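Read on for two forms of one protein chain; each stands alone as C-alpha cells, with the labels structure 1 and structure 2.
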Structure 1
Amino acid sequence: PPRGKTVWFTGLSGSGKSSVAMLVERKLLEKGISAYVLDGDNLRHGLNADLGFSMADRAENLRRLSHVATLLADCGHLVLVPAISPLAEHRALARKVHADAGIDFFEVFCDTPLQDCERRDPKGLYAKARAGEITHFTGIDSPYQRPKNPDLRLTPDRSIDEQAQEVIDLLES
C-alpha cells in the first residue's frame, strides 16, 4: 500500500478544525480512500490524558500526535489532525517529524476571527475563560501565533461541506 499523508489543521478553539476534519474523513472514506482523524481533544482523553494546557504540555501533546500521524501515514492512511497547535514551533516540530519520516505534510489554517469563534462558543469555554473560571485559554490569556504560509487557509466564507472539498482539492492537486 502506498504511503499516506498528513493534513495538520491549526487554529483557535471554535475555528472549525474538527468539523472540517471529520467531513473530509467521511468524504474520503465514501470514495474508498482510507482516512483517519486524530483529534487533539479526543486523544486528550486517552493517549494524552496525562497532559494539560501548559506550553510544555501542549508541545508534548503535539509531539506525540506528530509521531502517531507518521505511523498511520506510513500505513497508507490519509491522516487529519485537528489540534490548536498555537505556536509556530509546534507546527515546525510536526513538520520536522514528518520530513524525517518521509511523509508529505500539509498545513491547514482555520482562520476564523476570535470574535466569531467566541460568537459561536460551542463548548462554553470562551465564556468560562472571560469569567476567569478557566485560565491559559488560547486566544484569551494564552498565545496563538498565526501561520505565515499555510498550504490552505479556510475562512468562514462557505459551508463546512465546501471547506472539506477545498482540503480534498488540495490533496488531489
Structure 2
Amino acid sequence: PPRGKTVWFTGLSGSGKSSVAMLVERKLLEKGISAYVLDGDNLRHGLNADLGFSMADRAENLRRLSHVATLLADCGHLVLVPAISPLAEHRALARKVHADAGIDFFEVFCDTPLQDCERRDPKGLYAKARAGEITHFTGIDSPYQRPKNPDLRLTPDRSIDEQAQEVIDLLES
C-alpha cells in the first residue's frame, strides 16, 4: 500500500489538537482510509514508560513520537500527532525525521489564545497549574514558541468539524 503521511499538531494545552485529530481520524476511517491518532500520553504508559517529565525527557518523548509516526506512515497510515510541541527546535527535528524517511509532514498550528484555552480547560490542567500543582506548564511558566511557517493555522472561530475538514483539504492539496 502507498506510504502514509503525518500531521503534526502544535499549540497550547486546550487549543484543540486532540479534538481536531480525533475528528479527522473518524472522517478518514468513515471513508476506509487508514488514520491513526498517535498520542504521547498513551505511549508514556508502554513504549515511553522509561521517561519522566524533565525538559530532556519531554524532548525525547517527541523525538520517539516522530520515529513512531514515520514507521506508521511507512506502513500506510495517515498519522495524527496531537502534542503540544512547544519548542521550534523539536518541530524542526520531527520534520527532518520525516523528510529523511521520505514521508510527507504537515505542521498544523492550533492558534487559540491562552485566555481561550484556559477558559476551555477540559481536563482541569490550567486549574492545577494556577494552584501550583503543575509547574513548567507551557504558556504559564514555560514558553510556547509560536510556529513562524506552519503548513496550516487553525483558528477558534471555526468549529472542530470545520477545522477537521481544513486538515483533510490540506492532505488532499
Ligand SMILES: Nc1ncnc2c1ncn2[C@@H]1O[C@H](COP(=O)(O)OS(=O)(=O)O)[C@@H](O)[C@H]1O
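Under this definition, the rigid core comprises the largest set of C-alpha atoms superposing within 1.5 Å between the forms. Shifts are known only where both forms have a C-alpha. Residue positions are counted from 1 along structure 1's sequence.
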Checklist outcome for this item: Shown alone, the chain in the form deposited with adenosine-5'-phosphosulfate bound appears as structure 1
Checklist outcome for this item: Of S34, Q145, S142, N42, Cα shift of 2 Å or more between structure 1 and structure 2 on rigid-core superposition seen only for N42
Next on the checklist: Given a core-based superposition, decide whether the C-alpha of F106 shifts by 2 Å or more between structure 1 and structure 2.
Outcome noted: no
Checklist entry - Superposing on the rigid core, is the CA of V68 displaced by 2 Å or more between structure 1 and structure 2? => result no
Next on the checklist: Is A59 displaced by at least 2 Å at its C-alpha between structure 1 and structure 2 when the rigid core is overlaid?
Outcome noted: no
Checklist outcome for this item: Shift of the Cα of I160 between structure 1 and structure 2 with the rigid core overlaid, in Å, rounds to 0.4
Checklist outcome for this item: Between-form comparison on the rigid core puts the Cα shift of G132 between structure 1 and structure 2, in Å, at 1.0
Checklist entry - Core fitted, what stretches of 3+ consecutive residues have C-alphas moving by 2 Å or more between structure 1 and structure 2? => result 40-54
